[PDB]
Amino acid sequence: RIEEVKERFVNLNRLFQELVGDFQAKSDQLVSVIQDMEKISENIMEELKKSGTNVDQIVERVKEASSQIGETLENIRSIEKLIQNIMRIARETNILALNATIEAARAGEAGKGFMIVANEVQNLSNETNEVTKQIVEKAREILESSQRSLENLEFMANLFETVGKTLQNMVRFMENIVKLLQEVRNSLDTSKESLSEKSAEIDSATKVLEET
C-alpha cells in the first residue's frame, strides 16, 4: 500500500532522468554543429577584411586612371596650340614667297632665279599646312579616345558601388549571426546545466525514499 506509492515516485524519477538525458544529448549534438563552423567562419571574417583593402585599392586606382587621362588631355590641348603656331608660320611664309615672286617677275632675268625659289617655298608651305591638318585629325581622335576612356571609367565606378555596399552588408550580417549563435549556445548550456542539476536533486531525494 505504502510500497505501492513508492513505485510511483521511482517511476516519476525515471521520467525526469529520461528527459534530462535527452535534453543533454540533443543540446550537445546541437552545440557540435554550431562549433564546427566557428573555424570556417573565421576565415571568412578575415577574408572580408582583406576584401575591403582591395575595394579601397580599386577605388583609388580608378581615380588615378582618370587624372592620368586628364593629363594627356592637357597634353593634347598643347599639341593643338603648338601645331596651330606651325600652321601660322606656314601661312606667313606663304605670302612672303608669293609677294616675293610677284616682285621677282617685276624685275627681269635675275628675278627668275628667285622666282623659281619663291615658287618652291610656296609649295613647301602648302605641303606643311597639309601635314598640320593631318596631325589635327589624330589630335581629335585622341580627344575622342580619351572621352570614351573617362566615360568607361565612370561606368566602372557606378557598378563598383554595389560591390562596396554588399561587402559591408556581409561583415554586418556576419557579426549578427556570430552573436545569434552565441546566444543559442549560451541558452543551451545554461539550460542543460540547471535542468541536470534539478534531476540530480530529484534522484537524490528518491534514493532517500527507497533507502529508508
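Quick note: we count residues from 1 along the sequence shown, nothing fancier.
The deposited model assigns a higher average Cα B-factor to 56-64 than to the other stretch when 22-30 and 56-64 are compared. Comparing the deposited coordinates for 131-139 and 81-89, the stretch with the larger average C-alpha B-factor is 131-139. Between the residues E175, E183, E161, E144, it is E161 that shows the highest Cα B-factor in the PDB record. Per the deposited record, the Cα B-factor of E109 falls in the highest third when ranked against the other modelled residues of its chain. In this PDB entry, the Cα temperature factor of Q35 sits in the top third of its chain's modelled residues, the highest group. Annotation for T166: CA B-factor lies in the middle third of the chain's modelled residues. When all modelled residues of the chain are sorted by CA temperature factor, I69 is found within the middle third. Among all modelled residues in its chain, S194 ranks in the middle third by Cα B-factor.
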